Amino acid sequence: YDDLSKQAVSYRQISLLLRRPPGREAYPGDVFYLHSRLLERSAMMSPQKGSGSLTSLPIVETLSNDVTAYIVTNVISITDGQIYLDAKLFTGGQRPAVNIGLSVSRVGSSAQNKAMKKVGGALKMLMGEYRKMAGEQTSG
Amino acid sequence: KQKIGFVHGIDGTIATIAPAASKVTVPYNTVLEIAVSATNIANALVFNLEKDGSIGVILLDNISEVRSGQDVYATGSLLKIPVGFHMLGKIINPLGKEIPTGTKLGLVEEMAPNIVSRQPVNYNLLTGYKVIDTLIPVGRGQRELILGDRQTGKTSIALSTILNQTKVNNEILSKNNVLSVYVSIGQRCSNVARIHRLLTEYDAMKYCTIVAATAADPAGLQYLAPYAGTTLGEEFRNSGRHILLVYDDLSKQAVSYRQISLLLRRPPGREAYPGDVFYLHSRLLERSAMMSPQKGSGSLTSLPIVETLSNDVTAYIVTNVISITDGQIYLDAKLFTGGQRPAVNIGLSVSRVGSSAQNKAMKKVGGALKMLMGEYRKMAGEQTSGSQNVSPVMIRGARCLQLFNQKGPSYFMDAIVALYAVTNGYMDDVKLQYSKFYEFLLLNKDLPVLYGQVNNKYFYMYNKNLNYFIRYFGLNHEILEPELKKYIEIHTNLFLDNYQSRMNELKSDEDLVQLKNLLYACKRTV
Amino acid sequence: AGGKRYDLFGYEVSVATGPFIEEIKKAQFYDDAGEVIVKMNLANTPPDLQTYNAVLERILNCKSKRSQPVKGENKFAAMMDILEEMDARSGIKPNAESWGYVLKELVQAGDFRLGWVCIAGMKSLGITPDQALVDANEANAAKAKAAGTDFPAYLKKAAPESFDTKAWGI
Amino acid sequence: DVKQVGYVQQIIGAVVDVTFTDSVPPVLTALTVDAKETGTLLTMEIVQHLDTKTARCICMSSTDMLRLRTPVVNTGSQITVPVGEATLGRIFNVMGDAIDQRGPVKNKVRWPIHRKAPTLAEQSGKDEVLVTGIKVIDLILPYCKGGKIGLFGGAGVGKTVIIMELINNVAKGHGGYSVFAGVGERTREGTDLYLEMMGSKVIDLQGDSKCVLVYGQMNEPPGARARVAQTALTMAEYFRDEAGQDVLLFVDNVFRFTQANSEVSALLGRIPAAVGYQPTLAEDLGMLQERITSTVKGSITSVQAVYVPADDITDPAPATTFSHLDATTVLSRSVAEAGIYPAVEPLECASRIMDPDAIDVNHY
Amino acid sequence: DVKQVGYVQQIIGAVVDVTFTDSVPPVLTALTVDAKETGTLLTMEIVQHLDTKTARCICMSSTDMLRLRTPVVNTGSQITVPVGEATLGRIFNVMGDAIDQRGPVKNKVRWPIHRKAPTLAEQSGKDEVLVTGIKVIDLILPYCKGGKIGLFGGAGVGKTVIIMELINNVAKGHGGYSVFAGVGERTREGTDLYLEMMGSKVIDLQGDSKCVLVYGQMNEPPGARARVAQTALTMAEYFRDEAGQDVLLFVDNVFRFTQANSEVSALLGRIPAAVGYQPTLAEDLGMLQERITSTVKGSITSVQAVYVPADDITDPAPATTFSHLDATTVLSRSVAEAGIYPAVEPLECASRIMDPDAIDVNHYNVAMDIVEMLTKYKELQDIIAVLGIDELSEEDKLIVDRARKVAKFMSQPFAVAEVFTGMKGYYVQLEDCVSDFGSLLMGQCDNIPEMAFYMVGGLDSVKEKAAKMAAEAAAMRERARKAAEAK
Amino acid sequence: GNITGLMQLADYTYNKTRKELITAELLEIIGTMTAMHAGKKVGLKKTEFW
Ligand SMILES: Nc1ncnc2c1ncn2[C@@H]1O[C@H](COP(=O)(O)OP(=O)(O)OP(=O)(O)O)[C@@H](O)[C@H]1O
Ligand SMILES: Nc1ncnc2c1ncn2[C@@H]1O[C@H](COP(=O)(O)OP(=O)(O)OP(=O)(O)O)[C@@H](O)[C@H]1O
Ligand SMILES: COCCOCCOCCOc1ccc(C(C)(C)CC(C)(C)C)cc1
Ligand SMILES: [Mg+2]
């Protein structure tokens, strides 16, 4: 899904023209049920139902690196993980501009294969120390 | 007569009319007349005509005297007011009603001139201050803003701009005169009266008039006043005459429009304003223009005033106005508190268009001072008390900012030479504090003629008619250069030998006080 | 007048100016002439050099600015603002007759120091002044030298050696 | 001659709506109802017409036990207040009913409250100085007659001893009386101020008193507090015009007068524009301040305390209040801890009249 | 045949309601009322229907002297405006009525202003760099021929001057028809521009012209500002489709188109959005933007300016407008306070063409570094303003001395601002910009002072400025020497 | 002297954003109140129907 903020902006454009009551940040208020109705359809079916699935990678625009707005908070509330792209890192030269400390995934080892488990289990422990020391200018 | 209906309801200033049984049409933006009493008649403006014949109205006069059962007459006419040369020398309610002290009906609401009727400004407008005519030029057409926090020196600049033009308009023809108008939105009635007595003291009232709308007056009237002053300007504009216009102040107009829009439950916007507040100022400010020769080559200048807060230009109204104006003048309470008066900040100020019109005598000098201050603002900031220096730039800067400290309007001839001395380093031997008394000793007094040194031929300061030669030729001409340089070289040698040595010699504390009284008096008279 | 004048936008103007020069010459107060220019620019009839020169003649012959007097009215600055209007604003440049009226006014006004500047300003532009005027200029300068009126009297008055806000006349 | 009568039609808090059957009375008109039904007197000021026979009005006292369609009397005018020498040394509420218990008041006339501000002619552009008697104020912060003055000071800084000295000096120097206007005043501070005004002989009950007192308290609804400064200001304008002399009009924190009118406007259904203050901020304030101006017939000075909420001058109520002021008399607990009294900090203070164009040069 | 006729119902500002007895026309249809009653002609487009036998509408010209029961004539079509070569070198209003007083335009056909956007099949995003001559625009945010450009900046930052500098560099050096839409801006600017074009023979009236001007300015009511850019796009789309020729669309500026719809939606009864803008912001902006698209027939290189009230990017209108743009140009005010003009903030800026596939490799590897270094300098500004330069490691104060050089080098003087800076305008070529930044990036020029990079173009001009500075410093040393010896 | 400038700049941004937030809460509330009343606006409608 491209920008879901635009899927809420259209919902606002409609409800407000329909003389519905606004809410926080001019939305109707029930937009959380909008994104929940959308995203909870994303799932891994049981083997009874063919063991199929569908992953959702919704994209949400952000303004000035805030996660305090209404829509961003209602979406992060629903989604398992999140991939924070910081402009301060994008403009910092590195691309893709993910900030690992801010970005998480609530699945973990159970998703990736047998080989990536043993690696990422070391990479997390690595970054836990590098994030604490990389703030130091290298003098040694 | 007509009796379209009767006042259903009132909410302070806004009101609502209900129609008569014999329903009749009324137009939009018409002035209505409420029969308040047997003889007293209010005046009110339409803003919407609804389905059932019910009409919304904005009240302007005698709101306290209104009731519900009263009658309502319609003129079938726009919001008009009288206008002409006979209106000059008077102070009026925006609706044309003259206020006391001790035929030609022009429209209030009107469209501005198109691109073809307009023209790039060519002629200057002397504010009388050296800071402005030098670095921030102002032409007859350049609607320029005057920012600054409360109690900063805003209200006095427009006055000084008018007082400077009084000395000239008596001399020159009437065509090149600079009439003036001072619209006071929300300012205290005392300040307006003090201004009236001031302008009557210098006899500047004959070429001026005032449009009064205080805080005691209604809000819907404050919304209307600058349109009235602009109408009085539009008449002299279309008649080929040039004119000035002033607004004190738009920031208090927007509040009065916010009263009405919110009393009518219009949807607000950013910082509580409705959203059409930009169009409020555009209808006004776009009427300021140097008309084309096709239309008379008239003019209508506009010097609005706007109240910032804590020196924050990121406010809504301030930027809505800066997006309109052809300029900017940013006054700072830092400098006003720090002795510098006027408190112009040259970095945050600009005159986008007047440089095309700035006189060449003031232009070649202004480019030099612009270079000088461009260097001073770096040479003073980089060191930040790190390491002082004795350099001609940082010297001449401090010698020039003192000259910029001003109280009243300075003549053009009196304005140039005090700067010409500084750019050419003549005024570097003197100290900081003795630059003002140096200036007064140069302009009103003539040390060479006093001390007998009459080697010069004609160039002297005693006449003041020499201005209109400098205005035509420019000081950098071949003939005005040598007499100017010799006059200044003599004046400097005399000041440095006869006077300044005595000033350094004085040590009695009572003498120093007697001297500082003189310096502050030179600070005032100049 | 086969040549045609245009505006900055490219619009055509009407050089029919004679009637306005007649209305200028009939006037007997030199501010009414500026009001004729005001009645001229409106009709898309910008000024010719004959017009400004007639205006300078009118100021020279007129007795005052208006039916009633005004404080500090000077025929000189009024005769020099219109020259600035000629040169810079409109683009037309004056001629020998133009500056000649100004030098005539300075002679009649008795001022002499401004006269010599009008001389040097004339000559620097290649203009040939008339010696009949500059001779009377030097005559008034010799008189004002003889009467001590070469400068005002209040400048030759000695200054206060002591500093005082009142003694300095401020 | 007879008196008009109306009947209530709806009641929402202190806001009330009154139906009539004839030409509705004017705006700002008083409407009194007898005490037999409600149990006590009740006044209501008309603000907002609604039709050819309806009138919405703010109530000034408690509207409890007010029945619907009760009789409502039109006084024929707006709120009347006493004036005269009997006013002095006494305390008055908004309606002019004394709350001092000190017997009745022997007034001669009873003027209305919402007098329009002076015409431009009645003004006097000549800006004078009030010879105060305090060398700190006379020198650094010359209190300009007809002008609006600011005072910033909390507790333990002698804020009362200053105004008491100002009253005692104006009582003998300029030959003028004074008046205090406690808007939203803490009821305890009313006692501590009136007992000081008996201890300092400012109010000689057995003699001649100098100051009038007007206490609109916090326990009163905002419909009263918004009309308190107009009451005291009428008590002052009577001494301005008829007696022909200078006057002081002291005021409690103007922020509470603005909060009062803001609650009135919010109650009436009007949208609050900004942070929470009414849209009529500058106009409601200006109707007060513009009545405070020098005249050919006399003068009215206005000392005013201010509470800057969260020390933010950029808030609309302080800044809009500052635009009318002429001087700023700051008080500091530092100098008061250094034994200095009056506890003035002349540096941070300022004045508008610091110009030799107005005053003598050597003073400047 | 007969023209349908109706009667007015109510009037609120520019908004009007109309009662058509028999039936209502479609949406966007025009409604003319005679100049007899109001005094001047007046067109009113429908925008919505309240009930049957009714239609709410917006008015172009003023509603003054308008009554409640006036007759309303139906055109039977939308707002039609002329097109063709006759529209070249002429000025027009929102309705296509000319105002230049030159003569009657010899139009042949008239097209409507409201039109559905092109289909996906027609579009063709071709990446071709656009040499403006400007230095920062070339380096960081290179424009793209056929795309869109955005100049985001508050009041008094230098975007209208950026547009004049782009006209002087690109438009005359274009060989293609241009269009200039003034949407709520100074009438003075349109006059200065019509004169700057009438001087360069771009609007040579007695010959061939290569430009069109539309101007619905701030003086006009919002009914015109809300529908002027549509007219300009119609003039451009005619050249895009029929002639199949590259064109330019300079717009100054769309925020007033947005204000116009905001001042309208309030009056129509629409409930507003958060700050107070219309709820139809994204749609009303998209129907304007998506008409600007490069097809196979032609291409439209638009250059739009945008206003940001209170210097607030969180304003929904610019915040919505970023998405529609191929190359953003985020101006700032704190930079202009530092003497730099153009006051670009390249960390905020962005583009689409910035890929090695489109532009050459050196330009990309250089700009990626330039952004990186300024990104570090921003992090250090929070410390240097606290402590100072002396409290930093030698690596850090080096990077500062290099980034101050870069940021100062990003400035240059334009030919338009000769009145302001008093310096001749430079035209920095693309290749010399990359060779200069690459040399400055590898420390090829570190001994050179900081001020030599200020307000200049090309490293040769830098080293001549450094020569002048060293010469003046030595001259002041000889002068202080002789002043000391004589003293 | 530098920390104080940064401090006052932050005190202004904080005290200004606090005001814009208060005003925004008022706009949201009044928008909901005005929408409810405008939609719930009741009229007599004394017009012919037969
Ligand atoms: N050019 C000047 N030189 C010296 N002092 C000045 C000058 N201009 C103004 N002042 C001083 O500023 C004070 C008046 O401020 P001013 O009237 O400019 O504020 P204002 O803009 O009117 O404020 P507001 O608009 O809120 O009334 C006076 O004390 C006056 O002496
Ligand atoms: N190269 C330059 N040299 C000097 N000044 C410049 C330069 N470029 C831009 N400026 C400055 O930019 C300002 C003009 O701003 P501009 O006209 O772009 O604002 P604007 O777009 O009209 O504002 P709005 O969009 O609100 O109308 C002037 O102060 C001008 O000096
Ligand atoms: C030239 O004449 C100037 C006279 O001006 C009269 C009004 O003066 C304005 C002073 O206003 C202020 C502003 C801020 C403050 C501070 C910040 C000291 C008040 C505080 C500490 C209570 C927040 C005090 C007074
Ligand atoms: Mg612009």
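Residues numbered from 1 in each chain as written, not as in the entry; some residues may be left out. Chains lettered and ligands numbered in written order. Part of a larger assembly, values for the part shown. Heavy atoms only, no water.

- If you check the header, you'll see the entry was determined by cryo-EM and the resolution is listed as 3.92 Å.

**Considering the site of ligand 3**
Then step 1. Around ligand 3 sit B:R150, B:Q151, B:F336, D:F152, D:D311, D:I313, D:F322, D:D326, D:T328, D:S351 and D:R352, and those are all the residues in its vicinity.
Then step 2. Contact between ligand 3 and D:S351: an oxygen atom at 2.8 Å from a main-chain N or O atom of the residue.
Then step 3. Coverage of ligand 3 by the protein chains reaches 68% of its 640 Å² of free accessible surface.
Then step 4. Of the residues assigned to the shell around ligand 3, the class counts are 4 nonpolar, 3 polar and 4 charged. (Near = heavy atom within 4 Å. Polar contact = N/O pair within 3.5 Å; in protein donor to acceptor, adjacent residues only side chain to side chain. Areas by Shrake-Rupley, 256 points an atom, 1.4 Å probe, with all protein chains shown as cover. Nonpolar A, V, L, I, M, F, W, Y, C, P; charged D, E, K, R; others polar.)

**Observations concerning the sheet that holds strand 5 (residues 54-59) of chain D**
All names here are of chain D.
Then step 1. Read around the closed barrel, 6 strands run 1-2-5-4-3-6, paired in antiparallel fashion. Direction aside, the axes of adjacent strands within the sheet are offset by 45 degrees on average.
Then step 2. As defined by bridge partners, strand 3 (residues 29-33) adjoins strand 4 (residues 42-49) across 4 bridges and the pair is classed as antiparallel. Note that in strand 4 the partner of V33 across the bridge is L42. (Pairing = 2+ DSSP bridges. Helix = DSSP H or I, 4+ residues; strand = E, 2+ residues; numbered from the N terminus. Axes fitted to C-alpha atoms, helices over the stretch in contact; angles between N-to-C directions.)

**Thoughts on unusual backbone geometry**
Then step 1. Of note, the amide linkage connecting B:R341 to B:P342 takes the cis form, showing an omega dihedral of 0 degrees.
Then step 2. Phi angles above zero are rare outside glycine, and B:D203 is one such case at about 65 degrees.
Then step 3. Note that B:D203 resides in the loop between helix 3 (189-201) and strand 11 (210-214).
Then step 4. Look at B:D203 and you get partly exposed, because its relative accessible area is 38%.
Then step 5. Even without being a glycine, D:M65 presents a positive backbone phi close to 55 degrees. (Buried < 20%, exposed > 50% of the residue type's maximum accessible area, 1.4 Å probe, protein only.)

**Points about helix 8 (residues 281-289) of chain D**
Then step 1. Counting buried residues in helix 8 of chain D gives 7 out of 9 residues, a clear majority hidden from the surface.
Then step 2. D:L281, D:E283, D:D284, D:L285, D:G286, D:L288 and D:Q289 are the residues of helix 8 of chain D that are buried.

**Some points on the interface of chain F and chain A**
Then step 1. Each side of the interface is counted separately: chain F has 6 residues, and chain A has 6 residues.
Then step 2. For the pair chain F and chain A, the two sides together bury roughly 420 Å², of which 63% comes from carbon and sulfur.
Then step 3. Looking only at chain F, the three residues that lose the most surface to chain A are F:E28, F:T32 and F:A35, adding up to 69% of its buried area.
Then step 4. The interface formed by chain F and chain A contains 0 salt bridges.
Then step 5. The interface formed by chain F and chain A contains 1 residue pair in polar contact.
Then step 6. Split by residue class, the side of chain F that touches chain A holds 2 nonpolar, 3 polar and 1 charged. (Contact = heavy atoms within 4.5 Å. Buried area = accessible area lost by both parts, 1.4 Å probe. Salt bridge = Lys/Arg side-chain N within 4 Å of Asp/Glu carboxyl O.)

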